[PDB]
Each structure stands twice: as C-alpha cells, then as structure tokens.
$ cat upload_9.txt   # compact mmCIF, C-alpha atoms and all ligand atoms
# COMPACT_ATOMS: atom_id res chain seq x y z
CA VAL A 1 0.00 0.00 0.00
CA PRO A 2 2.79 2.60 0.46
CA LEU A 3 4.22 3.59 -2.96
CA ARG A 4 7.84 3.28 -1.73
CA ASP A 5 7.31 -0.47 -1.18
CA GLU A 6 5.25 -0.96 -4.33
CA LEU A 7 8.14 0.30 -6.49
CA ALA A 8 10.71 -1.73 -4.54
CA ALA A 9 8.58 -4.84 -5.21
CA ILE A 10 8.40 -4.00 -8.92
CA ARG A 11 12.13 -3.28 -9.16
CA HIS A 12 13.15 -6.50 -7.28
CA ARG A 13 10.69 -8.58 -9.37
CA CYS A 14 11.89 -7.09 -12.70
CA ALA A 15 15.50 -7.08 -11.62
CA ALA A 16 15.27 -10.80 -10.71
CA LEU A 17 13.99 -11.92 -14.15
CA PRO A 18 16.33 -13.76 -16.56
CA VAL A 19 18.58 -11.90 -18.99
CA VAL A 20 17.29 -12.94 -22.44
CA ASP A 21 19.53 -10.20 -23.89
CA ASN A 22 22.91 -9.15 -22.38
CA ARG A 23 23.48 -6.92 -25.45
CA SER A 24 23.62 -3.93 -23.12
CA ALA A 25 22.20 -0.41 -23.45
CA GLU A 26 22.78 0.90 -27.03
CA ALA A 27 22.91 -2.13 -29.36
CA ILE A 28 19.29 -2.81 -28.57
CA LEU A 29 18.46 0.43 -30.29
CA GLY A 30 20.09 -0.93 -33.49
CA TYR A 31 23.02 1.50 -32.92
CA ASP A 32 26.27 -0.49 -32.68
CA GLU A 33 26.90 -0.57 -36.51
CA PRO B 1 5.29 24.30 -59.39
CA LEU B 2 6.30 22.38 -56.19
CA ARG B 3 8.83 20.09 -58.02
CA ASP B 4 11.01 23.11 -58.91
CA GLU B 5 11.16 24.30 -55.33
CA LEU B 6 12.22 20.97 -53.77
CA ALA B 7 14.88 20.64 -56.47
CA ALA B 8 15.92 24.27 -55.86
CA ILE B 9 15.99 23.61 -52.10
CA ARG B 10 17.78 20.23 -52.70
CA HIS B 11 20.37 21.68 -55.08
CA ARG B 12 20.71 24.79 -52.91
CA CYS B 13 20.95 22.71 -49.69
CA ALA B 14 23.15 20.01 -51.21
CA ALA B 15 25.70 22.66 -52.35
CA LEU B 16 26.37 23.79 -48.71
CA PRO B 17 29.81 22.90 -47.35
CA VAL B 18 29.95 19.71 -45.28
CA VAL B 19 30.91 20.83 -41.73
CA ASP B 20 30.67 17.28 -40.32
CA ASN B 21 30.71 14.19 -42.58
CA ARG B 22 30.41 11.54 -39.79
CA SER B 23 27.74 8.82 -40.02
CA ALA B 24 24.12 9.76 -39.20
CA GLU B 25 24.17 7.23 -36.35
CA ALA B 26 27.29 8.78 -34.70
CA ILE B 27 26.14 12.45 -34.71
CA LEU B 28 22.92 11.38 -32.92
CA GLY B 29 25.22 10.49 -29.98
CA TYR B 30 25.25 6.76 -30.63
CA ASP B 31 28.97 6.14 -31.03
CA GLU B 32 31.08 6.04 -27.85
CA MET C 1 -2.06 10.76 -47.79
CA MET C 2 1.64 9.69 -46.94
CA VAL C 3 4.44 9.46 -44.19
CA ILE C 4 7.99 10.49 -44.84
CA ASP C 5 10.81 9.11 -42.74
CA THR C 6 14.10 10.82 -42.02
CA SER C 7 15.73 8.59 -44.69
CA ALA C 8 13.88 10.20 -47.67
CA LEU C 9 14.55 13.83 -46.53
CA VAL C 10 18.14 13.46 -45.36
CA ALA C 11 18.35 11.81 -48.82
CA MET C 12 16.68 14.59 -50.83
CA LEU C 13 18.31 17.41 -49.01
CA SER C 14 21.61 15.84 -49.56
CA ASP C 15 20.89 15.20 -53.23
CA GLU C 16 21.45 11.44 -52.99
CA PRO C 17 20.39 9.23 -55.98
CA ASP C 18 16.69 9.10 -57.02
CA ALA C 19 15.86 12.27 -55.02
CA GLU C 20 13.68 13.38 -57.96
CA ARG C 21 11.54 10.19 -57.62
CA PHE C 22 11.03 11.16 -53.97
CA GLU C 23 9.93 14.65 -55.25
CA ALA C 24 7.38 13.11 -57.64
CA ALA C 25 6.10 11.08 -54.71
CA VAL C 26 5.83 14.23 -52.58
CA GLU C 27 3.98 15.74 -55.61
CA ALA C 28 1.74 12.72 -56.43
CA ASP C 29 -0.40 12.97 -53.21
CA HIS C 30 -1.11 16.28 -51.47
CA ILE C 31 -1.31 15.75 -47.66
CA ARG C 32 2.10 14.74 -46.24
CA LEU C 33 2.36 13.69 -42.57
CA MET C 34 5.65 13.65 -40.62
CA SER C 35 6.41 12.57 -37.06
CA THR C 36 7.68 15.41 -34.87
CA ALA C 37 10.49 13.04 -33.85
CA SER C 38 11.38 11.91 -37.39
CA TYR C 39 11.48 15.68 -38.20
CA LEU C 40 13.75 16.13 -35.14
CA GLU C 41 16.08 13.27 -36.16
CA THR C 42 16.08 14.95 -39.59
CA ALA C 43 16.75 18.38 -38.04
CA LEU C 44 19.84 17.10 -36.14
CA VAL C 45 21.24 15.20 -39.10
CA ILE C 46 20.95 18.20 -41.38
CA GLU C 47 22.33 20.77 -38.89
CA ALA C 48 25.44 18.68 -38.11
CA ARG C 49 26.03 17.96 -41.81
CA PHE C 50 25.49 21.48 -43.09
CA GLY C 51 25.18 23.61 -39.92
CA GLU C 52 22.32 26.03 -39.44
CA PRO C 53 22.17 26.96 -43.13
CA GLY C 54 21.24 23.26 -43.57
CA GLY C 55 18.32 23.99 -41.27
CA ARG C 56 17.01 26.93 -43.31
CA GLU C 57 16.67 24.65 -46.32
CA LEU C 58 15.11 21.93 -44.20
CA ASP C 59 12.64 24.50 -42.86
CA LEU C 60 11.82 25.77 -46.37
CA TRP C 61 11.22 22.23 -47.67
CA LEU C 62 8.75 21.48 -44.84
CA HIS C 63 6.76 24.74 -45.21
CA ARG C 64 6.73 24.55 -49.04
CA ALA C 65 5.65 20.86 -48.88
CA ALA C 66 2.89 21.92 -46.40
CA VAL C 67 3.94 19.13 -44.01
CA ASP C 68 1.73 18.32 -40.98
CA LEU C 69 4.01 17.54 -38.08
CA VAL C 70 2.11 14.91 -36.14
CA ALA C 71 2.61 14.42 -32.41
CA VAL C 72 3.95 11.16 -31.06
CA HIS C 73 0.87 10.03 -29.29
CA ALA C 74 0.86 7.14 -26.85
CA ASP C 75 -0.97 4.86 -29.28
CA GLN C 76 1.88 5.25 -31.81
CA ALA C 77 4.50 4.53 -29.17
CA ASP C 78 2.62 1.24 -28.29
CA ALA C 79 2.58 -0.02 -31.91
CA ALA C 80 6.31 0.55 -32.16
CA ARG C 81 7.05 -1.07 -28.82
CA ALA C 82 4.78 -3.95 -29.93
CA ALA C 83 6.33 -4.24 -33.41
CA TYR C 84 9.99 -3.98 -32.31
CA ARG C 85 10.22 -7.49 -30.84
CA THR C 86 9.50 -8.88 -34.30
CA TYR C 87 11.11 -6.32 -36.65
CA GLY C 88 13.72 -4.56 -34.48
CA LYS C 89 17.33 -5.68 -34.46
CA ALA C 90 18.24 -6.68 -41.13
CA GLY C 91 16.31 -4.57 -38.56
CA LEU C 92 14.49 -1.39 -37.47
CA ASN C 93 15.82 1.44 -35.29
CA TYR C 94 14.68 3.50 -32.38
CA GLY C 95 14.57 6.47 -34.79
CA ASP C 96 12.52 4.36 -37.23
CA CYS C 97 9.98 3.51 -34.51
CA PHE C 98 8.25 6.93 -34.85
CA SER C 99 7.78 6.57 -38.61
CA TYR C 100 6.52 3.03 -38.05
CA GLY C 101 4.31 4.29 -35.24
CA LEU C 102 2.61 7.09 -37.17
CA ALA C 103 2.23 4.81 -40.20
CA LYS C 104 0.76 1.79 -38.41
CA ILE C 105 -1.72 4.07 -36.61
CA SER C 106 -2.53 6.58 -39.39
CA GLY C 107 -2.69 3.61 -41.76
CA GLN C 108 -0.82 5.49 -44.49
CA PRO C 109 2.09 4.33 -46.68
CA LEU C 110 5.70 5.25 -45.89
CA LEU C 111 8.32 7.01 -48.02
CA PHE C 112 11.89 5.91 -47.20
CA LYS C 113 15.31 4.70 -48.44
CA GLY C 114 17.65 2.00 -47.03
CA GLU C 115 17.27 -1.67 -46.08
CA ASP C 116 15.30 -1.31 -42.84
CA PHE C 117 11.68 -0.65 -43.39
CA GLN C 118 11.51 -3.40 -45.95
CA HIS C 119 9.71 -6.51 -44.68
CA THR C 120 7.54 -4.89 -41.98
CA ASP C 121 3.78 -4.82 -41.33
CA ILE C 122 3.11 -1.44 -43.04
CA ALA C 123 2.99 -0.31 -46.68
CA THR C 124 6.00 1.15 -48.55
CA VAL C 125 5.44 4.12 -50.94
CA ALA C 126 6.36 3.29 -54.58
CA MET D 1 6.20 18.25 -10.71
CA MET D 2 8.92 16.27 -12.45
CA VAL D 3 9.85 14.71 -15.69
CA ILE D 4 11.63 11.37 -15.77
CA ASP D 5 14.25 10.09 -18.20
CA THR D 6 14.74 6.50 -19.37
CA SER D 7 18.16 6.59 -17.73
CA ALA D 8 16.25 6.77 -14.42
CA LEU D 9 13.47 4.17 -15.09
CA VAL D 10 16.03 1.69 -16.44
CA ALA D 11 18.20 2.33 -13.40
CA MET D 12 15.25 1.50 -11.19
CA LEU D 13 13.90 -1.48 -13.16
CA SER D 14 17.42 -3.04 -13.42
CA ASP D 15 18.18 -2.69 -9.65
CA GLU D 16 21.16 -0.37 -10.26
CA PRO D 17 23.28 0.77 -7.20
CA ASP D 18 21.48 4.14 -6.81
CA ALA D 19 17.99 2.76 -7.45
CA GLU D 20 16.61 3.35 -3.94
CA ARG D 21 17.53 7.06 -4.09
CA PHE D 22 15.41 7.55 -7.23
CA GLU D 23 12.40 5.85 -5.55
CA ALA D 24 12.69 8.29 -2.69
CA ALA D 25 12.68 11.20 -5.25
CA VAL D 26 9.76 9.75 -7.26
CA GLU D 27 7.89 9.23 -3.94
CA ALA D 28 8.60 12.87 -2.85
CA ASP D 29 7.05 14.46 -6.02
CA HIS D 30 3.40 13.37 -6.59
CA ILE D 31 3.14 14.78 -10.14
CA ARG D 32 5.18 13.05 -12.81
CA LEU D 33 5.60 13.27 -16.60
CA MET D 34 7.35 11.29 -19.32
CA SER D 35 7.67 11.82 -23.04
CA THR D 36 6.20 8.99 -25.09
CA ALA D 37 9.60 8.62 -26.77
CA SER D 38 11.39 8.26 -23.43
CA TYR D 39 8.63 5.75 -22.41
CA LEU D 40 9.11 4.03 -25.78
CA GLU D 41 12.91 3.98 -25.32
CA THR D 42 12.79 2.30 -21.88
CA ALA D 43 10.27 -0.21 -23.24
CA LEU D 44 12.69 -1.39 -25.92
CA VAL D 45 15.64 -1.59 -23.50
CA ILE D 46 13.59 -3.37 -20.78
CA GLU D 47 11.66 -5.73 -23.10
CA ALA D 48 14.83 -6.66 -24.90
CA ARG D 49 16.67 -7.30 -21.64
CA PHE D 50 13.99 -9.16 -19.61
CA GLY D 51 11.39 -10.13 -22.25
CA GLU D 52 7.75 -9.00 -22.13
CA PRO D 53 7.58 -9.93 -18.44
CA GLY D 54 9.93 -6.94 -18.12
CA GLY D 55 7.47 -4.92 -20.20
CA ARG D 56 4.76 -6.05 -17.81
CA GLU D 57 6.80 -4.71 -14.86
CA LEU D 58 7.33 -1.44 -16.79
CA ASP D 59 3.62 -1.01 -17.40
CA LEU D 60 2.93 -1.74 -13.69
CA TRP D 61 5.54 0.75 -12.45
CA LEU D 62 4.06 3.40 -14.73
CA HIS D 63 0.53 2.61 -13.52
CA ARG D 64 1.34 2.91 -9.79
CA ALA D 65 3.38 6.10 -10.11
CA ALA D 66 0.51 7.54 -12.19
CA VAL D 67 3.05 8.84 -14.73
CA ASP D 68 1.77 11.23 -17.42
CA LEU D 69 2.90 10.13 -20.88
CA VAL D 70 3.16 13.45 -22.80
CA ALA D 71 2.91 13.59 -26.62
CA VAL D 72 6.09 14.88 -28.34
CA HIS D 73 4.65 18.10 -29.84
CA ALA D 74 6.43 20.36 -32.40
CA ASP D 75 7.44 22.95 -29.80
CA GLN D 76 9.46 20.36 -27.80
CA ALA D 77 11.27 19.03 -30.88
CA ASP D 78 12.31 22.65 -31.68
CA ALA D 79 13.72 23.35 -28.19
CA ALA D 80 15.45 19.94 -28.32
CA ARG D 81 16.79 20.68 -31.84
CA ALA D 82 18.07 24.11 -30.76
CA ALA D 83 19.63 22.84 -27.51
CA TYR D 84 21.52 20.08 -29.23
CA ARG D 85 23.56 22.67 -31.21
CA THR D 86 24.75 23.79 -27.76
CA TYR D 87 24.68 20.57 -25.70
CA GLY D 88 24.91 17.64 -28.15
CA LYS D 89 27.92 15.51 -29.09
CA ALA D 90 30.15 15.46 -24.07
CA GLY D 91 26.33 15.88 -23.76
CA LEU D 92 22.93 14.81 -25.20
CA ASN D 93 22.12 11.97 -27.64
CA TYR D 94 19.06 11.84 -29.96
CA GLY D 95 17.12 9.93 -27.26
CA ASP D 96 17.85 12.40 -24.47
CA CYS D 97 16.31 15.12 -26.71
CA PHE D 98 12.78 13.93 -25.86
CA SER D 99 13.03 14.17 -22.07
CA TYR D 100 15.03 17.31 -22.73
CA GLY D 101 12.21 18.78 -24.85
CA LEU D 102 9.43 18.03 -22.33
CA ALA D 103 11.41 19.54 -19.40
CA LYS D 104 11.95 22.88 -21.22
CA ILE D 105 8.38 23.26 -22.58
CA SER D 106 7.01 22.12 -19.20
CA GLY D 107 9.64 24.13 -17.33
CA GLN D 108 9.87 21.12 -14.96
CA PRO D 109 13.01 19.53 -13.49
CA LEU D 110 14.47 16.32 -15.03
CA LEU D 111 15.27 13.12 -13.12
CA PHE D 112 18.11 11.27 -14.81
CA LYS D 113 21.36 9.48 -14.06
CA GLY D 114 24.64 9.65 -15.78
CA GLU D 115 26.45 12.37 -17.52
CA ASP D 116 24.35 13.35 -20.49
CA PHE D 117 22.16 16.00 -18.71
CA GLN D 118 24.90 17.41 -16.37
CA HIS D 119 25.55 20.80 -18.02
CA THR D 120 22.44 22.16 -19.61
CA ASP D 121 19.88 25.04 -19.21
CA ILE D 122 17.14 22.92 -17.52
CA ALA D 123 16.78 22.27 -13.78
CA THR D 124 17.40 18.84 -12.25
CA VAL D 125 15.66 16.92 -9.51
CA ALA D 126 18.46 16.23 -7.01
CA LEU D 127 18.61 12.98 -5.07
CA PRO D 128 17.88 12.77 -1.32
MG MG E 1 14.20 6.61 -39.23
MG MG E 2 17.25 9.33 -22.61

$ encode --input "upload_9.txt" --output "structure tokens"
Amino acid sequence: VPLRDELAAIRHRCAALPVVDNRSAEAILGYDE
Amino acid sequence: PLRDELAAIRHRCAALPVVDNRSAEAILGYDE
Amino acid sequence: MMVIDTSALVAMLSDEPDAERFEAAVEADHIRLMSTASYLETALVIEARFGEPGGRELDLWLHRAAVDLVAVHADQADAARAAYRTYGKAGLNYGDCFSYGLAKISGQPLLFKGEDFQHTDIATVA
Amino acid sequence: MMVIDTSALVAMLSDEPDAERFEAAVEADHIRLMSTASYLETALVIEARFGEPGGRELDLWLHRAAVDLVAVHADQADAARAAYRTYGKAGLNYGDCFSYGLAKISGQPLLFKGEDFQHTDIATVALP
C-alpha cells in the first residue's frame, strides 16, 4: 500500500527476471553498426 | 510548381559545405 | 495521404540518388504527414552535416511541402514497442519507430530509403 | 512536478546501485511526466533485456506512479533541436532530446542518471 514499497517490489521482481539479452544499453536500439 | 522548389531547395541545400561528414548514427550520440 | 521518414529527406536534401523520384512522390499525393520526432532526427542530421544553413533549407522544404508535423501520441508509441520485438534488431531502429508508429496508426504508406523498413507490417510508398 | 528520463526508469527497473535514491525522489514528487519517446525507449531496453515480463513490470511501475505520458509536440522538438547545437555531441544523444524537450516546454526539473544531462539550461531533480 505505500508507494515506496510498491516500487521496490516492482524493481526487485523485474531485476530478478532472466537476462534474455545481455546486449547492453545501445545495441538494442540498433546503434552499434 | 512544387517540383522546382524541392529541387531548388535540394540543389541549394546540397551545395552547402559539409561541416561534419560523420555517419548519421554517430552524430545522434550513438557512437562512444 | 503519406508518411515520410528521415531517410527520404536526409536523402533529398543531400541530393542522394533518385531524389527526384522522392519529389514526384511528394507531388503525387497532397497531404504529407511527418512525425515530430522523425522531423527532429532529420533536423539534427541536417544541422550537423550542413550547420544552421542546412536547417534553413530543411525548414523551407517542410513549409513549401505543407507538411503536418504529427505528435507522437501514446498509441503510436505502443505499436512501435509492440512491433519492435519482431522487426527490431536486417532490422528497425529507435529512430525508425516513430515513422513506423505514425504509419501503423494513421494507416498510411511510408516514403523511405535504405534496407530497414523493408519486410515490416506497413505499406511502402512506390 | 517532475519529468523522468529513461536513464532513471532503467536504473530503477534493473536494480542499479542508486535505485533506492530515485524511488525516494519519485515518492517525494506526486506529479510526474514522461515523453512517449522516453517511455518508448525504456520499453525497448527493458523488453529486450527481460522479455515482455519486463514490459509487464514497466507497465505496472508506470501505472502505480501515475506517470503522465506526454505527446512529443512540435514545440518540444524545436527546443530539443536548438539545444543540441549547444549541448549535443560530451552531452545529449538523440534519445535524451525527448526528455530534454518536455522539461523545457514544461519548465519542470528532469530526473536522470549519468552524464548526459549534467551541463544544460534545464533544472534537475536532485537525489535525497
Ligand atoms: Mg528513421
Ligand atoms: Mg534518454
């Protein structure tokens, strides 16, 4: 119920999901040429 | 007649000096 | 109606090959839509290539083509997000997403040059 | 009011070292905006990294923070376009221009992390 926890839950959940793509940050955008 | 203008603009714009010739990608900040 | 990506303006303004066919296209149908963010990508590419005098010519082209600069609405952003998992990285860029977005939503064909933007869900302009 | 940049959301959604400090700042300001192109950018980076279950967590974060997704109107693109002459590249990339544009037309401070928005004519939300 308090937003601060709600976002921590979301973060920790999302954070803890598998890395289907370790191509990091800028190559995802099609911008490594 | 529309066609003339976009040719005039194109020719007129194309004839500017090239101040940076780097790739489109790189000048958008996507090359570090 | 039509949509014009950054590829077909950065092309024309730089007098790349077949720029006159892109003019005929611009001529062939009267209302021409462009995504405020494709326009922006176009505005940066021009003004680094040719400086601010590049921008004058860019600005003249857009006013003399009577272009309607369409806002990136949420619905466009969701079609791109949606479509990127299939067609993103040949591929499809972040910059391309706004042309895709506007097109998929507006339902209009897309003027462009380059490999990307072939083999996607939306129509290509001949 | 605030505006948020993808650099921030992605920091938070990827449990980056600072992440807690951003939560505290998001929590402190109850009115929040994001450009649809900065929302779109995160989406691609999250969904690529974690799959659509990541996307799901993005959509849920956005829903609870009640974040305003703001259309990228012509006026913002101009300010962005103009700024980049001054602050592009040691500065902004094409993607940063969207959060940049919204902050200046809104006049609202920008929550980000990293270097790209360090030295620019728009205010920043500082961390607590
Ligand atoms: Mg494009
Ligand atoms: Mg950004």

$ closest_residue --input "upload_9.txt" --among "D:72, D:12, D:19, D:26" --to "chain C" --atoms "only C-alpha atoms"
D:72

$ closest_residue --input "upload_9.txt" --among "B:13, B:3, B:19, B:28" --to "ligand MG 2 (chain E)" --atoms "all atoms listed in the file"
B:28

$ interface_residues --input "upload_9.txt" --of "chain C" --to "chain D" --cutoff "12 Å" --atoms "all atoms listed in the file" --output "ChimeraX atom specification"
/C:34-49,51-52,55,59,67-89,92-98,101

$ residues_near_ligand --input "upload_9.txt" --ligand "ligand MG 2 (chain E)" --cutoff "7 Å" --atoms "all atoms listed in the file" --output "VMD selection string"
chain D and resid 5 to 7 38 95 to 96 99

$ residues_around --input "upload_9.txt" --residues "residue 64 (chain D)" --least-positions-apart "5" --cutoff "10 Å" --atoms "all atoms listed in the file" --output "VMD selection string"
(chain A and resid 3 6 to 7 10) or (chain D and resid 59)

$ closest_atom_pairs --input "upload_9.txt" --of "chain A" --to "chain B" --cutoff "8 Å" --atoms "only C-alpha atoms" --output "Markdown table"
| residue | atom | partner | partner_atom | distance |
| --- | --- | --- | --- | --- |
| A:26 | CA | B:30 | CA | 7.3 |
| A:31 | CA | B:30 | CA | 6.2 |
| A:32 | CA | B:31 | CA | 7.3 |

$ residues_around --input "upload_9.txt" --residues "region 106-121 of chain D" --least-positions-apart "6" --cutoff "7 Å" --atoms "only C-alpha atoms" --output "compact mmCIF listing (two decimals) with C-alpha atoms, in the coordinates of the input"
# COMPACT_ATOMS: atom_id res chain seq x y z
CA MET D 1 6.20 18.25 -10.71
CA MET D 2 8.92 16.27 -12.45
CA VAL D 3 9.85 14.71 -15.69
CA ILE D 4 11.63 11.37 -15.77
CA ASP D 5 14.25 10.09 -18.20
CA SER D 7 18.16 6.59 -17.73
CA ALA D 8 16.25 6.77 -14.42
CA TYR D 87 24.68 20.57 -25.70
CA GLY D 91 26.33 15.88 -23.76
CA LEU D 92 22.93 14.81 -25.20

$ closest_residue --input "upload_9.txt" --among "C:91, C:17, C:54, C:107" --to "chain B" --atoms "only C-alpha atoms"
C:54

$ interface_residues --input "upload_9.txt" --of "chain A" --to "chain C" --cutoff "12 Å" --atoms "only C-alpha atoms" --output "list in words"
residues 21, 23, 26, 27, 28, 29, 30, 31, 32 and 33 of chain A

$ atom_distance --input "upload_9.txt" --atom1 "CA of residue 17 (chain B)" --atom2 "CA of residue 15 (chain C)"
13.2 Å

$ interface_residues --input "upload_9.txt" --of "chain B" --to "chain C" --cutoff "8 Å" --atoms "only C-alpha atoms" --output "MDAnalysis selection string"
chainID B and resid 2:3 5:7 9:14 16:21 24 27:28

$ atom_distance --input "upload_9.txt" --atom1 "CA of residue 17 (chain D)" --atom2 "CA of residue 104 (chain D)"
28.5 Å

$ atom_distance --input "upload_9.txt" --atom1 "atom MG of ligand MG 1 (chain E)" --atom2 "CA of residue 118 (chain C)"
12.4 Å

$ closest_residue --input "upload_9.txt" --among "D:90, D:46, D:11, D:24" --to "chain B" --atoms "only C-alpha atoms"
D:90

$ decode --input "upload_9.txt" --residues "chain B" --atoms "C-alpha atoms" --output "compact mmCIF listing (two decimals), in the first residue's frame"
# COMPACT_ATOMS: atom_id res chain seq x y z
CA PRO B 1 5.29 24.30 -59.39
CA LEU B 2 6.30 22.38 -56.19
CA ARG B 3 8.83 20.09 -58.02
CA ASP B 4 11.01 23.11 -58.91
CA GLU B 5 11.16 24.30 -55.33
CA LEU B 6 12.22 20.97 -53.77
CA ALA B 7 14.88 20.64 -56.47
CA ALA B 8 15.92 24.27 -55.86
CA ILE B 9 15.99 23.61 -52.10
CA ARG B 10 17.78 20.23 -52.70
CA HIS B 11 20.37 21.68 -55.08
CA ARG B 12 20.71 24.79 -52.91
CA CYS B 13 20.95 22.71 -49.69
CA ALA B 14 23.15 20.01 -51.21
CA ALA B 15 25.70 22.66 -52.35
CA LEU B 16 26.37 23.79 -48.71
CA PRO B 17 29.81 22.90 -47.35
CA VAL B 18 29.95 19.71 -45.28
CA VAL B 19 30.91 20.83 -41.73
CA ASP B 20 30.67 17.28 -40.32
CA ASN B 21 30.71 14.19 -42.58
CA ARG B 22 30.41 11.54 -39.79
CA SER B 23 27.74 8.82 -40.02
CA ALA B 24 24.12 9.76 -39.20
CA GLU B 25 24.17 7.23 -36.35
CA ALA B 26 27.29 8.78 -34.70
CA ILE B 27 26.14 12.45 -34.71
CA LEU B 28 22.92 11.38 -32.92
CA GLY B 29 25.22 10.49 -29.98
CA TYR B 30 25.25 6.76 -30.63
CA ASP B 31 28.97 6.14 -31.03
CA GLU B 32 31.08 6.04 -27.85
